[PDB]
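Participant: here are the coordinates; sequence isn't available:
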């Protein structure tokens, strides 16, 4: 966090890339397990002018989203907070693919399809539900209640 | 949290929207991942007199509820604490829709149908239980034990 | 919690029931999302001398149990630590209801049926297993292994 | 924890069994929901010489495992760290019983069978796999891959 | 961890291998139950010049991975952060065996199938999907949507 990025800054000013790389990598790993650091380190990576660190952190958080739906909501909001067309495409794909095998996401998506009301989102979701409903009766009654 | 609240307030009394926007957005992002911060970020949003921040934070916590059932009690109690006709509507709806596909919430709904003891709630939950038990024998055993 | 405790104390010496409601409500909500505060706010309510906040906290944590099985052990032990015939009945009921649809609890209760060894517990558990085994084939193997 | 430690030490030094018992019960309850304190409080149980506190804490942290697999790995390592025959006997039973209903453990056991390499472990677990695999189709593929 | 780190580093310079064993087991057990300490306890183990503590911590964290999918992503990054040929070998097998019985992992591996693009890993994933899809319709719809 704050002390790690401060040491990072001072080491980069001193030089010694062999130390700076390890400080950066430990920040990256701490960002994986402690998610409230993700919003920090990410915005740090942009400020240093390092596209590689920023892109790798985007990667880490995006593929961490598929194993932790709270981080999925985080990245789904962050996609709009940045206004990026890589985040806003790949998150809105991993979500509309993860909904198939994780069934509470199949309700988060149904709430987004009215809070955002995206036409393409709704037209995808209707097909998701119609494909699921014939092989999963709980999804059938879910389609009954959502109307 | 305390530091971001202090920063936002001090910026607000000295102006310079370009800093206020960034601090506010980072605070919302932090609140997405740290639910303990939410009850703070919400109230501060009300204090500034900006219904837009407060409304977006209600949005964030509400759609966070459908992917983290710990928050589903937080917002459920917060609806009574505020007495807002949206929270009391949409939170009740996402419960009586999420119960279809996540039975830990189904038992929570069965407990609410007596701790609040609302007639409209129980008489609707009867339909959920019937439609599930008709096509899923485990929920039929649940209906047997809960009666 | 310490700041909220101090604020509640300073509010109590001078009235201001609106301040009391605000601080107490923030304590209640903080207790919903940070379970290690549950035991604190519970007893602070008791020493303060208000049956209503105490019973509301008993409600909040009890219905939080059915959505977070880590708090289930907390309330199950706190029932005996208090000796309250309310907790010791309602928790011993939500377990023998929640086990029907959640199968990790179905081997938590089976540990109580020997570490407490109650006849009621063992009899009810035998009934639960006999009902589930004919409609959930996997649990049949459980009935074979728990021999 | 340090505050509760100082309070219990002062209570022991004076000889006020009521305050000491109460604060120890509060510590026990705190240990239920903040598991990174368990190995601490357990140790304190050995420090005071209270075999009863030691046994109750062993019970709490053991039956907490069947609802939180992180505590399951904790107690699984702690059984070897202590060398207690009850911990080593009973964790290697609640695990080989929890595996039947929770499939994430079914690839935690399968890693122990080689990292600890116990002959009895593998010879017992073969029965679990062969019983599940004929009544749960995914386990058939799980057995096809792990061979 | 920093306090236990300091105590251990002091004990290393004054002997008393029993004190060292004690602080070591303290750090190890704290690491199992609070994952953000792992990357710390690992690196210190390497710095002291004790391959055995480092190997034990690798064991513990890899074993914890199969019951905590966030540590799965942690070790999945750490594998290439070190470059070691056990993590890169064994993590890429506990994952491609855990995916069989965990539906969220089946949409984590499918992102790596392009984020690293390993042809043999893509073939492994196709084999997993083809085996699952004929005995689990959810996976059939997942295969349909993924293309």
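Facilitator: Alright, I've got the coordinates. Numbers count the residues shown, from 1 in each chain, chains lettered A, B, ... in the order given.

Participant: show me what from chain A comes close to chain E.
Facilitator: By the rule Cβ under 8 Å from any Cβ of the partner chain, the part of chain A lying against chain E is A:25-26, A:28-30, A:32-34, A:59-60, A:62-64, A:66-68, A:94, A:96-98, A:100-102, A:128, A:131-132, A:135-136. (Each C-beta comes from the backbone N, C-alpha and C, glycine too.)

Participant: just the buried ones out of these, please.
Facilitator: A:25-26, A:28-30, A:32-33, A:60, A:62-64, A:66-68, A:94, A:96-98, A:100-102, A:128, A:131-132, A:136 (16 or more other Cβ atoms under 10 Å in any protein chain shown).

Participant: chain A: helices as residue ranges?
Facilitator: A:2-14, A:17-33, A:38-47, A:51-65, A:69-82, A:87-98, A:105-115, A:119-133, A:137-145 (DSSP state H).

Participant: distance from the first one to the middle of the chain?
Facilitator: On the basis of Cα atoms, centre = their mean, to the nearest Å, the separation between the geometric centre of helix A:2-14 and that of its chain is 27 Å.

Participant: repeat for the third one
Facilitator: On the basis of Cα atoms, centre = their mean, helix A:38-47 sits 14 Å off its chain's mean C-alpha point.

Participant: buried set for it?
Facilitator: Result for helix A:38-47 [16+ other Cβ under 10 Å]: buried residues A:38-42, A:44-45.

Participant: before we move on, the earlier item: out of the helices of chain A, which comes closest to residue D:2?
Facilitator: Closest to residue D:2 of the helices of chain A, according to Cβ to Cβ: helix A:2-14, at 22.6 Å.

Participant: ok, and what's touching that closest one?
Facilitator: A:19-20, A:23-24, A:26-27, A:30, A:40-41, A:44, A:48 (Cβ atoms under 8 Å, 6 or more residues apart in numbering or on different chains).

Participant: which residue ranges make up each domain of chain A?
Facilitator: Following automatic domain parsing, chain A resolves into domains at A:1-85, A:99-147.

Participant: centroid-nearest residue for chain A?
Facilitator: Centroid-nearest residue in chain A: residue A:75, 3.2 Å away (criterion: Cα atoms, centre = their mean).

Participant: what's it in contact with, if anything?
Facilitator: Contact analysis of residue A:75 by Cβ under 8 Å, 6+ apart lists A:61-62, A:65, A:87, A:91.

Participant: what distance do you get for it to chain D?
Facilitator: Here residue A:75 is placed at a distance of 24 Å from chain D (Cβ to the nearest Cβ, to the nearest Å).

Participant: same check, this time on residue A:110
Facilitator: 27 Å.

Participant: quick check, that residue in contact with residue A:146.
Facilitator: Yes - look at residue A:110 against residue A:146 with Cβ atoms under 8 Å: they come within range, at 6.1 Å.

Participant: more neighbours, these two?
Facilitator: Neighbours per residue (other Cβ atoms under 10 Å in any protein chain shown) separate residue A:110 from residue A:146, with residue A:110 holding more: 22 against 14.

Participant: around residue A:104, count how many other residues there are.
Facilitator: 17.

Participant: can you report phi and psi for it?
Facilitator: phi -80, psi -30 (degrees, to the nearest 10).

Participant: return the residues in contact with the nearest residue to it once chain neighbours are set aside.
Facilitator: In space, and not counting its chain neighbours, residue A:104 is closest to residue B:102: 5.4 Å by Cβ to Cβ, 6 or more residues apart in numbering or on different chains. Residue B:102 is in contact with A:103-104, B:69, counting by Cβ under 8 Å, 6+ apart.

Participant: contacts for stretch A:27-35 next, please.
Facilitator: A:1, A:4-5, A:8, A:37-38, A:41-42, A:44, A:53, A:56-57, A:60-61, A:64, A:68, A:70-71, A:74, B:33, E:35-36, E:38-39, E:70-71, E:73-74, E:77-78, E:81.

Participant: centre of the chain to stretch A:14-24, how far?
Facilitator: Worked out by Cα atoms, centre = their mean, stretch A:14-24 lies 28 Å from the chain centre.

Participant: equivalent analysis for stretch A:37-51, please.
Facilitator: Here stretch A:37-51 shows a centroid-to-chain-centroid distance of 15 Å under the convention Cα atoms, centre = their mean.

Participant: what does it contact?
Facilitator: A:1, A:5, A:8, A:12, A:27-28, A:30-31, A:53-54, A:57-58, A:61, A:71, A:74, A:78, B:26, B:29-30, B:33.

Participant: can you pull the phi/psi pair for residue A:100?
Facilitator: Per degrees, to the nearest 10, the backbone of residue A:100 is at phi -70, psi -40.

Participant: list the contacts for it?
Facilitator: Neighbour list for residue A:100: A:128, A:132, E:107, E:138, E:141-142, E:145 [criterion: Cβ under 8 Å, 6+ apart].

Participant: nearest residue to residue A:130 in space, ignoring adjacent ones along the chain?
Facilitator: residue A:143 (8.0 Å).

Participant: any idea how far the one you found is from residue A:56?
Facilitator: Here residue A:143 is placed at a distance of 40 Å from residue A:56 (Cβ to Cβ, to the nearest Å).
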